[PDB]
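If you read the sequence shown in PDB author numbering, its first letter stands for residue 1, the second for the next number, and so on.
All residues carry an ideal CB built from backbone N, CA and C; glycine is no exception.
Structure record follows, encoded as structure tokens.
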Amino acid sequence: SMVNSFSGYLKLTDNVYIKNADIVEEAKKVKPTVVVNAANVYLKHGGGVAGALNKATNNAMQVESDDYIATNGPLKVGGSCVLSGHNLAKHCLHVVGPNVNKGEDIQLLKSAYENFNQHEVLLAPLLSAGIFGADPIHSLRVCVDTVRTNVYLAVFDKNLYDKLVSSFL
Ligand SMILES: Nc1ncnc2c1ncn2[C@@H]1O[C@H](COP(=O)(O)OP(=O)(O)OC[C@H]2O[C@H](O)[C@H](O)[C@@H]2O)[C@@H](O)[C@H]1O
């Protein structure tokens, strides 16, 4: 197994680590095999993690995503696809958490995190915890209870990070 340069992560469990950092800056520094995007089913990378990752690729992520959708159609809620990581990572795993704010079942967050188990090591965000409206601590707990591979979580928001790391899992 390869060794990556992830540094400054707090250990949560045997396989889950967390840091107060911007996922774009972590990806630029570490250049991991897999960075995870918190996507929507259309791969329209507007804001949050998706918009920030896409901007850092100079829109190449969006161009590639548009071809993916034209060929294959939307992803499923809880689903994923593997695309290029462009200048940020070898690959980007686009994963769709439920849009809880629009009535999608929060239970699909477990299905979303199951996609991570197909990859030995990932740099990832907390799925559904932003504009999709899932409680962030719930997303973290589902991640810890679902993902068995090595996941390095980048939490942009300082106040959120401080709360998450002093919560039970
Ligand atoms: N640069 C960042 N680095 C790390 N974490 C971040 C960053 N930006 C936001 N977060 C945190 O990452 C977490 C997830 O926030 P979100 O990115 O909204 O993802 P979702 O799954 O809820 O919504 C998906 C939609 O978001 C996009 O618009 C897509 O195109 C989709 O339409 C929150 O805790 C954020 O504070």
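Does the Cβ of residue i lie closer than 7 Å to at least one heavy atom of ligand 1?
{"i": "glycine 78", "result": "no"}
{"i": "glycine 97", "result": "yes"}
{"i": "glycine 103", "result": "no"}
Starting from residue i, trace the beta strand (DSSP E) both ways and give me its first and last residue.
{"i": "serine 80", "result": "80 to 84"}
{"i": "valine 142", "result": "Note, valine 142: premise wrong, no beta strand (DSSP E); alpha helix (DSSP H) at 136 to 146."}
{"i": "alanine 154", "result": "150 to 155"}
{"i": "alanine 124", "result": "121 to 124"}
{"i": "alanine 39", "result": "34 to 39"}
Going straight from the alpha carbon of residue i to that of residue j, what length do you get?
{"i": "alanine 39", "j": "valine 100", "result": "14 Å"}
{"i": "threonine 149", "j": "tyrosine 42", "result": "27 Å"}
{"i": "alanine 21", "j": "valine 155", "result": "6 Å"}
{"i": "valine 24", "j": "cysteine 143", "result": "20 Å"}
{"i": "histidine 138", "j": "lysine 90", "result": "29 Å"}
{"i": "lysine 31", "j": "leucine 88", "result": "6 Å"}
Grab the span of the alpha helix (DSSP H) containing residue i for me, first residue to last.
{"i": "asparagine 117", "result": "Per DSSP, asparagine 117 belongs to no alpha helix (DSSP H) and is neither H nor E."}
{"i": "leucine 53", "result": "48 to 56"}
{"i": "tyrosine 17", "result": "Not the alpha helix (DSSP H): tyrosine 17 falls in the beta strand (DSSP E), residues 16 to 20."}
{"i": "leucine 127", "result": "No alpha helix (DSSP H) contains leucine 127, which DSSP labels as neither H nor E."}
Touch check for the region 118 to 137 and the region 44 to 60: three-plus C-beta pairs under 8 Å? yes
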